[PDB]
Each structure stands twice: as C-alpha cells, then as structure tokens.
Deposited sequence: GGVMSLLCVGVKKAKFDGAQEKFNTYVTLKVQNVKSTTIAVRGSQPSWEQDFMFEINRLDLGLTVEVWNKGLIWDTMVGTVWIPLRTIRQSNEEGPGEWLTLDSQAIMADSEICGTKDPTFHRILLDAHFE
C-alpha cells in the first residue's frame, strides 16, 4: 500500500446568505471511503473550530466537504465543495483556512461559503 500521511482538516466556520433561524448546520468530510462530521450549530455564521485527521494512503481523488441543514425527518444540502488531494499543501503548520464558495429569473443569486484549512503532515 501507499505510505501513510495525515490529512489534517480544520473546519473553522461558515457564512450563509440567509437568516439566522434558517440554518442549523453541520459539516461532513468524506475522503478515502470514510467520513467524519461536526456538531450542528445554529446561525448564519456558525463556528465549529474542529480539527479532523485522516490517514491517507493514496493521493488520487479528493476531499468532499458537505454542509447540511439538520432536520428532524430529513436533512437538506446547503452546498458542497470538492478539494483534490494532490494539491493540498504539505505542511505541519495550522492555517487560518481559505474561504470556499459552496456549490448548490429575477432573484438575486445566493452564495454560501465555508472557511476551511487542510494540510498534509
């Protein structure tokens, strides 16, 4: 198999285009057939400040970041971003994150964002 590197993901916070009462969200991280998830946090600018480690042994494909609106009976996708593994930075240094725009006639477009750090060590 491949030699193991640790993928360290810092789920910092998000910024949603909408009202406080409309978002109670969690973040799911999916990579290499596994997933880990934050707690749900209420608001337009939720803060999680949670770090995750994944043991990675191949550099193909990506890290999928999903932001979900929690519900009682079903959860609803807020949006998602995909981050190819190969160009995640190789460093032991925690970063502040980068702002990533989530992928979802006369209405204004809606753009939701997540602040996310990732680095290999």
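When the deposited sequence is numbered from 1, the one segment without any C-alpha atom is 105 to 114.
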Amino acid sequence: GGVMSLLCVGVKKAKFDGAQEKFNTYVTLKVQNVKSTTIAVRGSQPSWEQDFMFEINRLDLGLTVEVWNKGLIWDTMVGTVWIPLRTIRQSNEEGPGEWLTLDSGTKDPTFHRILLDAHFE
From here on, numbers count along this sequence of modelled residues.
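For the segment pair 40 to 48 and 80 to 88, the entry gives 80 to 88 the higher mean B-factor, averaged over Cα atoms. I114: CA B factor lies in the middle third for its chain, per the PDB record.
Per the deposited record, the Cα B-factor of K70 falls in the middle third when ranked against the other modelled residues of its chain. In this PDB entry, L29 carries a Cα temperature factor that places it within the lowest third of its chain's modelled residues. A14: CA B factor lies in the lowest third for its chain, per the PDB record. Looking at the C-alpha B-factors along this chain, the one for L61 belongs to the highest third.
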